[PDB]
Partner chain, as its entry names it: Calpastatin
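In C-alpha coordinates, one chain follows: the form deposited without its partner chain.
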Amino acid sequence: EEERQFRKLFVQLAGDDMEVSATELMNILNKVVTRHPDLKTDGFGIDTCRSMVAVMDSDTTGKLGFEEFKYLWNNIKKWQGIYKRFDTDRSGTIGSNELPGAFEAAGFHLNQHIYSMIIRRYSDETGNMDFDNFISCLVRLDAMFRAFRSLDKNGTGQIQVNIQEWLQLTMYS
(Lines give C-alpha, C1' and ligand atoms only; values in the text may rest on other atoms or scores of the structure.)
Protein backbone atom coordinates (compact mmCIF):
# COMPACT_ATOMS: atom_id res chain seq x y z
CA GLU A 1 0.00 0.00 0.00
CA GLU A 2 0.96 3.69 -0.02
CA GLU A 3 1.99 4.09 3.64
CA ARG A 4 4.16 0.97 3.43
CA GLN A 5 6.19 2.80 0.76
CA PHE A 6 6.72 5.87 2.95
CA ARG A 7 7.83 3.48 5.66
CA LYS A 8 10.61 2.19 3.41
CA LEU A 9 11.64 5.80 2.75
CA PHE A 10 11.49 6.63 6.47
CA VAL A 11 13.81 3.68 7.14
CA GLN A 12 16.15 4.85 4.37
CA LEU A 13 16.24 8.23 6.14
CA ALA A 14 16.33 7.53 9.89
CA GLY A 15 16.34 3.76 10.21
CA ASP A 16 15.14 2.75 13.67
CA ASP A 17 14.98 6.38 14.82
CA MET A 18 12.12 6.51 12.28
CA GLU A 19 12.08 10.31 12.51
CA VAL A 20 12.36 12.52 9.45
CA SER A 21 13.70 16.07 9.47
CA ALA A 22 12.07 19.16 7.97
CA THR A 23 14.49 19.18 5.00
CA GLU A 24 13.95 15.45 4.40
CA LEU A 25 10.13 15.89 4.63
CA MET A 26 10.31 18.84 2.21
CA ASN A 27 12.05 16.65 -0.36
CA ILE A 28 9.53 13.81 0.09
CA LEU A 29 6.53 16.15 -0.39
CA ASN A 30 8.03 18.02 -3.32
CA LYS A 31 8.61 14.90 -5.36
CA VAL A 32 4.82 14.42 -5.23
CA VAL A 33 3.39 17.96 -5.48
CA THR A 34 6.16 19.64 -7.49
CA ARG A 35 5.74 16.95 -10.13
CA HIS A 36 1.95 17.24 -10.43
CA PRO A 37 0.21 18.32 -13.69
CA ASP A 38 -2.75 19.82 -11.85
CA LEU A 39 -1.16 21.47 -8.82
CA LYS A 40 0.79 24.47 -10.19
CA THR A 41 3.24 24.90 -7.29
CA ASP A 42 6.98 25.30 -6.83
CA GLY A 43 6.72 22.88 -3.93
CA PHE A 44 6.94 23.36 -0.18
CA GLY A 45 9.67 25.59 1.22
CA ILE A 46 11.69 24.62 4.30
CA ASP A 47 9.86 27.18 6.46
CA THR A 48 6.53 25.53 5.67
CA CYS A 49 8.30 22.22 6.30
CA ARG A 50 9.47 23.29 9.72
CA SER A 51 5.93 24.42 10.53
CA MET A 52 4.68 20.98 9.49
CA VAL A 53 7.26 19.27 11.67
CA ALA A 54 6.66 21.67 14.57
CA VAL A 55 2.87 21.19 14.66
CA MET A 56 3.19 17.38 14.57
CA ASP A 57 6.17 17.10 16.94
CA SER A 58 4.18 15.91 19.96
CA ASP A 59 7.22 14.87 22.01
CA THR A 60 9.43 17.92 21.38
CA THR A 61 12.13 16.17 19.31
CA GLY A 62 12.61 18.40 16.31
CA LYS A 63 11.76 15.63 13.85
CA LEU A 64 8.67 13.82 12.57
CA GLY A 65 7.59 10.37 13.73
CA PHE A 66 6.08 8.01 11.18
CA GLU A 67 2.59 7.95 12.69
CA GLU A 68 2.65 11.75 12.97
CA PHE A 69 3.78 11.73 9.35
CA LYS A 70 0.75 9.67 8.30
CA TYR A 71 -1.71 12.09 9.95
CA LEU A 72 -0.02 14.99 8.20
CA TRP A 73 0.27 13.08 4.91
CA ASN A 74 -3.39 12.03 4.68
CA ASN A 75 -4.26 15.66 5.44
CA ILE A 76 -2.15 17.06 2.59
CA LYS A 77 -3.39 14.24 0.31
CA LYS A 78 -7.02 15.05 1.20
CA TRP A 79 -6.61 18.81 0.89
CA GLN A 80 -4.70 18.31 -2.37
CA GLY A 81 -7.81 16.70 -3.90
CA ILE A 82 -10.08 19.47 -2.59
CA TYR A 83 -7.69 21.92 -4.22
CA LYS A 84 -7.92 20.17 -7.60
CA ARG A 85 -11.70 19.86 -7.30
CA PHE A 86 -12.05 23.62 -6.76
CA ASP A 87 -9.35 24.79 -9.16
CA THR A 88 -11.60 23.45 -11.92
CA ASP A 89 -10.43 25.82 -14.69
CA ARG A 90 -6.85 24.89 -13.77
CA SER A 91 -5.63 28.44 -13.24
CA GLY A 92 -3.45 27.56 -10.26
CA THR A 93 -5.61 29.41 -7.72
CA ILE A 94 -8.95 28.73 -5.96
CA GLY A 95 -11.21 31.74 -6.21
CA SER A 96 -13.09 33.72 -3.64
CA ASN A 97 -16.17 32.07 -5.16
CA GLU A 98 -14.94 28.56 -4.44
CA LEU A 99 -12.87 29.05 -1.28
CA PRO A 100 -15.79 28.88 1.12
CA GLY A 101 -16.62 25.44 -0.25
CA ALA A 102 -12.96 24.46 -0.33
CA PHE A 103 -12.79 25.17 3.40
CA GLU A 104 -16.06 23.42 4.26
CA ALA A 105 -14.91 20.38 2.26
CA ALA A 106 -11.52 20.46 4.03
CA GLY A 107 -13.35 19.96 7.33
CA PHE A 108 -13.89 23.47 8.71
CA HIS A 109 -17.12 25.34 9.49
CA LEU A 110 -15.59 28.79 9.99
CA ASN A 111 -17.44 31.87 11.27
CA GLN A 112 -17.68 34.72 8.70
CA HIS A 113 -15.35 36.93 10.67
CA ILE A 114 -12.65 34.27 11.15
CA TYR A 115 -13.07 33.19 7.53
CA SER A 116 -12.52 36.81 6.46
CA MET A 117 -9.28 37.13 8.42
CA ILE A 118 -7.94 33.82 7.07
CA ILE A 119 -8.69 34.88 3.50
CA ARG A 120 -7.07 38.30 4.01
CA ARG A 121 -4.03 36.59 5.52
CA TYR A 122 -3.62 33.89 2.81
CA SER A 123 -5.25 35.17 -0.39
CA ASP A 124 -3.48 37.43 -2.86
CA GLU A 125 -4.52 40.88 -4.04
CA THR A 126 -7.41 39.39 -6.00
CA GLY A 127 -8.75 37.37 -3.08
CA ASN A 128 -7.51 34.14 -4.70
CA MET A 129 -5.35 31.49 -3.03
CA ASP A 130 -2.80 29.04 -4.45
CA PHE A 131 -2.04 25.42 -3.52
CA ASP A 132 0.89 26.33 -1.27
CA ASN A 133 -1.06 28.74 0.93
CA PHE A 134 -4.12 26.53 0.96
CA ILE A 135 -2.11 23.73 2.53
CA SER A 136 -0.12 26.10 4.74
CA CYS A 137 -3.32 27.71 6.05
CA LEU A 138 -4.95 24.35 6.72
CA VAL A 139 -1.95 22.76 8.45
CA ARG A 140 -1.98 25.76 10.80
CA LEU A 141 -5.74 25.81 11.28
CA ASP A 142 -5.76 22.09 12.14
CA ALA A 143 -2.84 22.69 14.52
CA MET A 144 -4.55 25.58 16.24
CA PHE A 145 -7.76 23.57 16.69
CA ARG A 146 -5.64 20.73 18.08
CA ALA A 147 -3.81 23.17 20.39
CA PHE A 148 -7.07 24.57 21.72
CA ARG A 149 -8.47 21.08 22.27
CA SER A 150 -5.34 19.97 24.20
CA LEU A 151 -6.23 22.52 26.87
CA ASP A 152 -9.99 21.97 26.77
CA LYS A 153 -10.76 18.40 27.92
CA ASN A 154 -13.95 19.26 29.87
CA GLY A 155 -15.37 20.37 26.50
CA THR A 156 -16.46 23.78 27.73
CA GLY A 157 -15.09 25.77 24.81
CA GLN A 158 -13.25 28.06 27.23
CA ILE A 159 -9.59 27.61 28.10
CA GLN A 160 -7.17 29.23 30.56
CA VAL A 161 -3.64 30.05 29.39
CA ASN A 162 -0.52 31.55 30.96
CA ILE A 163 2.18 33.22 28.86
CA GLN A 164 4.38 30.09 28.77
CA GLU A 165 1.51 27.90 27.48
CA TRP A 166 0.55 30.66 25.08
CA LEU A 167 4.01 30.98 23.50
CA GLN A 168 4.50 27.22 23.46
CA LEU A 169 1.29 26.63 21.51
CA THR A 170 1.70 29.54 19.11
CA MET A 171 5.44 29.86 18.62
CA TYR A 172 6.10 26.19 18.07
CA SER A 173 4.06 25.96 14.88
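Positions refer to the first chain, counted from 1. Definition used throughout: the rigid core is the maximal C-alpha set that superposes within 1.5 Å between two forms.
Taking the PDB entry as given, 18-26 carries the higher mean Cα B factor of the two stretches 161-169 and 18-26.
Mean CA temperature factor is higher for 115-123 when stretches 142-150 and 115-123 are set side by side in the entry. Comparing the listed residues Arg50, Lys40, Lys70, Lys31, the entry records the largest Cα B-factor for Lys40. In this PDB entry, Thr61 carries a Cα temperature factor that places it within the highest third of its chain's modelled residues.
This next part talks about the form solved in complex with its partner chain, which is not shown.
In the bound PDB entry, its partner chain sits within 4.5 Å of a heavy atom belonging to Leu39. Although the partner is absent here, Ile28 lies within 4.5 Å of its partner chain in the bound PDB entry, judged by heavy atoms. By the criterion of a heavy atom within 4.5 Å, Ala105 is excluded from the residues contacting its partner chain in the bound PDB entry.
Contact annotation for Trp73: at least one heavy atom lies within 4.5 Å of its partner chain in the bound PDB entry. Shown here without its partner chain, the chain has only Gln80 in 78-105 lying with a heavy atom within 4.5 Å of that partner in the bound PDB entry.
When two forms of a protein are overlaid on their rigid core, residues whose CA moves 2 Å or more are considered shifted, and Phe86 is one of them between this form and the one not shown. Superposed on the core, the two forms differ at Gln12: its CA moves 2 Å or more between this form and the one not shown.
Annotation: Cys49/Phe6 CA-CA distance longer in the bound PDB entry than in the displayed model, change of at least 3 Å. Cα of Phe6 to Cα of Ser51: at least 3 Å longer in the bound PDB entry than in the shown structure.
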